[PDB]
Amino acid sequence: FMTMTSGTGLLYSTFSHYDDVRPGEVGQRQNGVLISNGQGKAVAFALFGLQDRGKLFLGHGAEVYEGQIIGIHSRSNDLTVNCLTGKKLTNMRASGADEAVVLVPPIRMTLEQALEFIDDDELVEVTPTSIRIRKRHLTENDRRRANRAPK
Amino acid sequence: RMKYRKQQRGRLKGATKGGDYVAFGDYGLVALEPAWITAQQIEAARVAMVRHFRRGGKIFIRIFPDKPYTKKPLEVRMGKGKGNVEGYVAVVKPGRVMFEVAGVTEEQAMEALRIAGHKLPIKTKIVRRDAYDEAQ
Amino acid sequence: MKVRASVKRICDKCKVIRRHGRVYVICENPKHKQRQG
Amino acid sequence: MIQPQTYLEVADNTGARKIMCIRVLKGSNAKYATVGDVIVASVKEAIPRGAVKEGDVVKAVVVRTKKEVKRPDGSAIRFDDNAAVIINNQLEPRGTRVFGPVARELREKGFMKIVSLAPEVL
RNA sequence: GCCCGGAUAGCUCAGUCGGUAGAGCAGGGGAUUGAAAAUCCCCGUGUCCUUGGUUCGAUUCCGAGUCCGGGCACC
RNA sequence: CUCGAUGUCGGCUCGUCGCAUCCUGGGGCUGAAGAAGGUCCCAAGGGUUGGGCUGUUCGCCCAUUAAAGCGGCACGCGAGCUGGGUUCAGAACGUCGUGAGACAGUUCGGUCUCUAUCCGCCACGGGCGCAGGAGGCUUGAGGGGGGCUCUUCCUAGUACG
RNA sequence: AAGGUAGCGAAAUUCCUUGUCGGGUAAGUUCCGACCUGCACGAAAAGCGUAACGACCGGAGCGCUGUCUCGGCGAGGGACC
RNA sequence: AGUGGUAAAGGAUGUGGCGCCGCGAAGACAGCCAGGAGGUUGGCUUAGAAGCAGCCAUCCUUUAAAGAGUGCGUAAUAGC
């Protein structure tokens, strides 16, 4: 709101009567959030594959855990990729060519730039030297337990 | 593709002209400068068309998955019984009567073909019914 | 934008510009910078 | 005077007034942990207690032995090789340390603290 | 890096030359006991992993993703 | 063509061209505010670090870096080195073989020569000449050398907001 | 014909192998230690171990040193007149 | 165009050539002028369609001859 009217715009609220939420979802945010599939570390060979499917958060060896988000999806759907692994080493044989994929970094921040990123249940787990963001339900299969939609 | 329950292993190689022409619905795709064409590629077109066409009212056919192409080995050195069966397809060479319907009613069908074959694999042309044909 | 090929105009009224054997499509939308020469 | 691989001396909150640097922190083409410079290293020598450890920081260049040639044709050499360990920013490591004065240092400047800190005889 | 593989309920797991979805254990209701184990009937829960194609309809036959799959590699 | 003979690896040292250019810039494009990315066309100019382990080039890892490219030339280089290498006999076992002997299973050692003739390159001179015989100062067509780049600070957080 | 015991194991036998853990280490397919699903160990061509002794072969680390960051000048011998 | 002086898929208001289409001097097209007409005003959605928000509508009067409105759009609407 403050970004629409540019400060010059105030308006609060309260309630008129306990409803039922209607039938539609009030977001729910676009571009699904990229979640992890287990604790470990960021693997160049792991974050390289599905990298064009949106943006990334952490880097490498960045070793996060389950439920922790590590970027946003190119669409609205949500997934739980994985990699460390990054695999695999190594040789011989043999050589010499070739290839040497790189990778872009954050994309990091802010807080302040990641908090409002949530929507359903992505507690922005913060620390006295770090700031993470995971879903109310780490385990993937666990999330489906609460959804479970109709009827 | 489909060249099911064949009978033999392999053909041979040549090419030059044949007997495709008619019409058969008025939505036609005719080859012109080819030879054999992957049963697959073929299905490709099949798809292309099928999908474009609001995805329903049927197209028809034309050639067949006809012969068995062999690159034999995998990349060895050469002297195998020339065995190995591997890619099956059409053998159409002089601008052939390739026939595809649907009920597009238009340059819509056009497009369908356009891509289907533009794709497929050769210098080719398309049209409709131009000089009927009388049989016994 | 460019491409050693393609170009079948676009911006609904995207222009087929003849310039130096330069198959260059000109429009009113950067999205169409069609340089295929 | 300089070195890449190095058994150097320090005297800050050192694990031991000694660490081995890899190289020079300057213009990508090291070859000189030089007087009044800033570079990279890990520990070589021991460390009673101390929050230091057997890790690696970077830091700034003190002494040398093979010509401290100054702008004012001030000249000197100490039969000693050592610098002060840094914490990120540069902000030095320890509370104090065993050594003293002379241009080159302060001159590099960024480390006044080192500056007033190591003053007197030694 | 080519080459196969598994993806099915709460967790471990099969499918006429498609058209139907299952035991097991968790599990709550019993039969049972003196009460309980064990055992025997019953409930329930179904994304049949995401796409594109074939068909009247595909969990299944095909295309792609998907953890997953055994393997390729002297100058 | 080559078996009247063409030294195969790895590395060294001196490298030379190439662009599908990595850092460089010039750029239109953005889902481009700024910044920063990312998306193609132009252009090789210079530039295009140390170690670790591995006989391995490839590779994975440490530390940076503007950056730490792909590759052409018998995977450049023995008439210029190196020679761990895989590849003469040993002996080793692990493995086949009735065993003789064997395994592109492996592991320990394992006698790389070179007085240049030619054209070629690096230099330095002797000629004979650019129609008087001379001492010395020039101008260059044309050819050669070097054209990189950091980070900080300057206008810097008013551009975007 | 029974079907490998005891000890022993990724080893002068593990190709999947830079196996996996651990240690060493800024980093290590290197070796030491573990594990042991032993591509293909085993007692008599010995098996596990075993001090002293090896121009044994391999892995650390202190010491020292133009050896290495290029080396730089120097003397003696040919090279050259 | 330097094609001469190797190349395909395929792309195109290239160049020139057909053998063809628009000419209501009831004087043409790009360039021009002005009006861009009243029922056109839900059908849902109307927070808005009252052509310029989505599931089709295919009628009428009426003259510059008539847009069941091809298009810049938000809150309909209002303007091009």
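Residues numbered from 1 in each chain as written, not as in the entry; some residues may be left out. Chains lettered and ligands numbered in written order. Part of a larger assembly, values for the part shown. Heavy atoms only, no water. Residues with missing side-chain atoms left out of burial classes, pairs and counts.

As deposited, the entry is annotated with cryo-EM as its determination method and 5.00 Å as its resolution.

Of chain C, the UniProt comment under Sequence similarities reads exactly: "Belongs to the bacterial ribosomal protein bL36 family." (UniProt positions renumbered as here; feature names shortened; annotations may be inferred.)

Chain B goes by 50S ribosomal protein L16 in the PDB entry, where it is assigned to Thermus thermophilus HB8. Comment text from UniProt for chain B, heading Subunit, reads "Part of the 50S ribosomal subunit."

*Asks:* Is there a simple way to think about the protein's contact with RNA strand E in this case?
*Replies:* Around RNA strand E sit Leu50(A), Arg53(A), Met92(A), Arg93(A), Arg144(A), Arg145(A), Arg46(B) and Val50(B), and those are all the residues in its vicinity. If you look at RNA strand E and keep only atoms within 4 Å of the protein, 64% of those are sugar or phosphate atoms. Here a phosphate oxygen of RNA strand E sits 2.7 Å away from a polar atom, N or O, in the side chain of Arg145(A). Breaking the surface near RNA strand E down by element, the ones donating at least two residues are helix 3 (140-145) of chain A together with helix 1 (39-52) of chain B. Looking at the surface near RNA strand E, its residues break down into three nonpolar, no polar and five charged. (Near = heavy atom within 4 Å. Polar contact = N/O pair within 3.5 Å; in protein donor to acceptor, adjacent residues only side chain to side chain. Helix = DSSP H or I, 4+ residues; strand = E, 2+ residues; numbered from the N terminus. Nonpolar A, V, L, I, M, F, W, Y, C, P; charged D, E, K, R; others polar.)

*Asks:* What am I meant to see in a nonpolar patch on the surface here?
*Replies:* On the surface, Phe1(A), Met2(A) and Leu11(A) cluster together to form a nonpolar patch covering roughly 350 Å² of accessible area. Checked against the element boundaries, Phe1(A) lands in the segment before helix 1 (2-6). (Patch = residues over 30% accessible without salt bridge, like charges linked within 9 Å, V, L, I, M, F, W, Y side chains within 5 Å. Areas by Shrake-Rupley, 256 points an atom, 1.4 Å probe, with all protein chains shown as cover. Salt bridge = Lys/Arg side-chain N within 4 Å of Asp/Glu carboxyl O.)

*Asks:* Looking at this structure, how should I read the protein's contact with RNA strand H?
*Replies:* In the vicinity of RNA strand H, the residues found are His118(B), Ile122(B), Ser6(C), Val7(C), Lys8(C), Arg9(C), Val16(C), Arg18(C) and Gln36(C). The share of sugar and phosphate among atoms of RNA strand H within 4 Å of the protein is 100%. For RNA strand H, a sugar or linking oxygen lies 3.2 Å from a polar atom in the backbone of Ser6(C). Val7(C) is positioned such that a nitrogen or oxygen atom in its backbone is 2.9 Å from a phosphate oxygen of RNA strand H. Of the residues belonging to the surface near RNA strand H, the class tally is three nonpolar, three polar and three charged.

*Asks:* Looking at this structure, how should I read the sheet that holds strand 4 (residues 87-92) of chain B?
*Replies:* The strands making up a sheet associate through hydrogen bonds between their backbones, and the pairing can be parallel or antiparallel. Residues and elements named next belong to chain B. Ordered by their spatial adjacency, three strands build an open sheet running 2-4-3, and the pairing between neighbours is antiparallel. Each of the sheet's edge strands pairs with one partner strand only, and the pair in question is strand 2 (35-38) and strand 3 (67-69). Averaged over all neighbouring strand pairs, the angle between strand axes comes to 50°, with direction disregarded. By the bridge criterion, three bridges tie strand 3 to strand 4 in an arrangement that is antiparallel. Pairing of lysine 67 across the sheet is with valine 89, part of strand 4. (Pairing = 2+ DSSP bridges. Axes fitted to C-alpha atoms, helices over the stretch in contact; angles between N-to-C directions.)

*Asks:* Looking at this structure, how should I read the environment of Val102(D)?
*Replies:* All names here are of chain D. Relative to the elements of secondary structure, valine 102 occurs in the loop between strand 7 (81-86) and helix 1 (104-108). Taking the C-alpha atoms as reference points, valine 102 and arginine 17, separated by 85 residues in sequence, lie 20 Å from one another. Here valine 102 is in contact with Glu68 and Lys70, once residues within four sequence places are set aside. (Contact = heavy atoms within 4.5 Å.)

*Asks:* Hey, could you run me through the pattern of salt bridges in this one?
*Replies:* Where charged atoms from two side chains of opposite charge approach closely, those side chains can pair. This model, assessed by the stated rule, comprises 13 salt bridges over all chains. Taking the shortest distance from any N to any O, the salt bridge between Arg145(A) and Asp142(A) comes out at 3.6 Å. Of this pair, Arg145(A) and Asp142(A) are both found in helix 3, three residues apart, which corresponds to roughly one turn of the helix. Notably, a salt bridge pairs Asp12(D) with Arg97(D), separated by 3.6 Å at the nearest N-O pair. You can see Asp12(D) sitting in the loop between strand 1 (6-9) and strand 2 (18-24) and its partner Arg97(D) sitting in the loop between strand 7 and helix 1, a full 85 residues away along the chain. The two residues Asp12(D) and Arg97(D) agree in class, both being buried. Through salt bridges with shared partners, a single network forms among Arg29(A), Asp78(A), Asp120(A), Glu122(A) and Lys135(A). (Buried < 20%, exposed > 50% of the residue type's maximum accessible area, 1.4 Å probe, protein only.)

*Asks:* Sorry if this is basic, but what is going on with the arrangement of the chains here?
*Replies:* A gap remains between chain A and chain B, with no contact made and the closest C-alpha atoms lying 21 Å from each other. No part of chain B reaches chain C; the closest C-alpha pair between them is 13 Å apart.

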